[PDB]
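Written out below as structure tokens is the structure these notes cover.
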Amino acid sequence: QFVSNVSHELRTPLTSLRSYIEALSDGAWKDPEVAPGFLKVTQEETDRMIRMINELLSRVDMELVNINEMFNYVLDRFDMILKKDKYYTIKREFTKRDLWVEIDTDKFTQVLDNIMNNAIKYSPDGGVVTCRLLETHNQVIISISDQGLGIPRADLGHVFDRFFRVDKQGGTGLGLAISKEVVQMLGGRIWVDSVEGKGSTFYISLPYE
Amino acid sequence: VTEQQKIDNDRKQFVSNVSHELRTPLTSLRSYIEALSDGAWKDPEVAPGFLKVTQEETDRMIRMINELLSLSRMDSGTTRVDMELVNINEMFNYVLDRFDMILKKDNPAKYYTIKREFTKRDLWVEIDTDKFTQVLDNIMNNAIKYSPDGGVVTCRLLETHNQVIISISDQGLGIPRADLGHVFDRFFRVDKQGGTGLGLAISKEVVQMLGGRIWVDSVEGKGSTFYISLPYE
Ligand SMILES: Nc1ncnc2c1ncn2[C@@H]1O[C@H](COP(=O)(O)OP(=O)(O)O)[C@@H](O)[C@H]1O
């Protein structure tokens, strides 16, 4: 059913949560410098998941947001996923400008979640996931590069098809189909370049003003 | 008519239940977190206790989405199976061993003994070892959870010309005869944290996928017996 979809999308926020709670429980609660901030995040994520379940049991909600530190926030949650508990670095290279863009926040945060999952999951044996936020031509470009298993150039098309998975562990293959679905739904475009064994780079373009 | 309709109706109530059964731990979660954010975290006497409850609830929903995902995969037919000839006897024995050894490492809340009564023949049978061992696991888990203290889980591996039978017997409080049909339905729980109401549902699904058939006999106040039947030669 469409149940399979909520099943899939709750995965990464459940992870974010379990990861943060485990951090607080492992002592961070005693630390006044951080424990509140973590609590705000666990709160925000729980509320996110509730919204998610409600919209999918019973539309887009476009609002203007500051893409820069939304992307920073998502990346923060993953930084905390990769801590606690191969080594991965999230190398961030954003423009210093604050690019504002019309999007659905929960849907788009789901997109970034899937693509960081991909960049990380198909990167065993370590890696450096490199995240770039820039703009040209009234478009806002996000790129995510990993030193993963790459993609055979034959399949570079099919990675956005439903259930389509490469040969080589895990998943139903609806991550990138949902991602493409959402990105096109927001008036933007998504694509991938990749070199088998080298790594990969995922791109999203969104209209700017 | 009622053909297509039973299908669509079952589907829509399953969606309604997934909505609720997912949403409810999220709600509980929200309440504890919100409590912690509103000061409880500064309090050493309560903050750990709350953090454990929130940890556990989160783990619960994770297991649930794993099971709702394997269930989607099985309805879809996406669920690939690998039938291979394996030794049912020592597979069932290895399962029982893992359970014996969890309780052999102590101190335990409740105490149970696993009584094994197997046929002496070495039954070789084509099955997917991993999915079927998951089945045996849910049913043993179940057998254990609804057991009294000192209870005896009675596990039988036997055979008939036509069949290979596994039974898992518990001395729990049994199942109302109204509900004997419903015990394998999704999210169906008798009363009841501790787990998702998808254990037995997955079990029945997997067993039918492996070509066998699964059912329950039970007497209120006495206990229960779960049966798995597999085709033999
Ligand atoms: N960095 C990456 N490197 C190599 N392959 C990738 C990468 N990201 C996505 N893919 C490919 O996309 C396929 C399916 O993607 P996805 O929808 O995310 O599946 P899943 O259900 O596991 O989440 C995968 O088989 C994978 O090979």
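In contact with a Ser or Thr (Cβ under 6 Å, 6 or more places away or on another chain) and either closer than 30 Å to A:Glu33 by Cβ or at the interface with chain A (Cβ under 9 Å from one of its Cβ atoms) (or both), is that true of B:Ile62?
no
Filter the stretch B:195-222 down to the residues that are under 16 Å from B:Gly172 (Cβ atoms) and either part of a helix (DSSP H, G or I) or in the same structural domain as B:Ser70 (by CATH) (or both) and list them by number.
Across the stretch B:195-222, the qualifying residues are B:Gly199, B:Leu200.
Would you mind telling me which numbered condition in (1) within 13 Å of chain B (Cβ to nearest Cβ); (2) in a helix (DSSP H, G or I) A:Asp76 fails?
So the condition that A:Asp76 fails would be (1).
Report every pair of residues separated by at least 6 positions or lying on different chains whose Cβ atoms are under 7 Å apart, first residue within the stretch B:4-19 and at negative phi, second of a type outside the set (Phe, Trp, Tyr) and part of a helix (DSSP H, G or I).
From the stretch B:4-19, the pairs are B:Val15/A:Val3; B:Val15/A:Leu57; B:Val18/A:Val3; B:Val18/B:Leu68; B:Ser19/A:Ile53; B:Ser19/A:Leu57.
Just to check your reading of the model, which residue among A:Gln147, A:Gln169 is surrounded by fewer than 20 Cβ atoms within 10 Å (Cβ to Cβ), within 12 Å of the ligand (Cβ to nearest atom) and farther than 26 Å from A:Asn5 by Cβ?
Result of the check over A:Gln147, A:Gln169: A:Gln147.
Among the residues of the stretch A:15-34 satisfying the criterion of being crowded, with 21+ Cβ neighbours inside 10 Å and within 9 Å of chain B (Cβ to nearest Cβ), which is farthest from B:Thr79 (Cα to Cα)?
Within the stretch A:15-34, the match that is farthest from B:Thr79 (Cα to Cα) is A:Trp29.
Does the stretch B:9-21 contain any residue that is outside the structural domain of B:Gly194 (by CATH), under 30 Å from A:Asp31 (Cα atoms) and among the aromatic types (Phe, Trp, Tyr)?
no
Looking at B:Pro48, B:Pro108, B:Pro44, which one is outside any helix (DSSP H, G or I) and either aromatic (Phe, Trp, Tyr) or within 9 Å of another protein chain (Cβ to nearest Cβ) (or both)?
The unique qualifying residue is B:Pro44.
Just to be sure I understand the filter: pairs with C-beta atoms under 6 Å, separated by 6 or more residues or on different chains, first member in the stretch A:167-194 and assigned by CATH to the domain that holds A:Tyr122, second member part of a helix (DSSP H, G or I) and more than 12 Å from the ligand (Cβ to nearest atom). Which pairs pass?
A:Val182/A:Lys107; A:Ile190/A:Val183
Suppose we keep only residues that are near the ligand (Cβ under 10 Å from one of its atoms) and not small (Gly, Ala, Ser) within the stretch A:117-129. Which one would you say is nearest to A:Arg11 (Cα to Cα)?
Once the filter is applied, the top-ranked residue is A:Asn117.
Numbers and lists here come from the model and the stated rules, or from a named source; these are not laboratory values. Every residue, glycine as well, gets a Cβ built from its backbone with ideal geometry; the counts of neighbours run over all protein chains shown.
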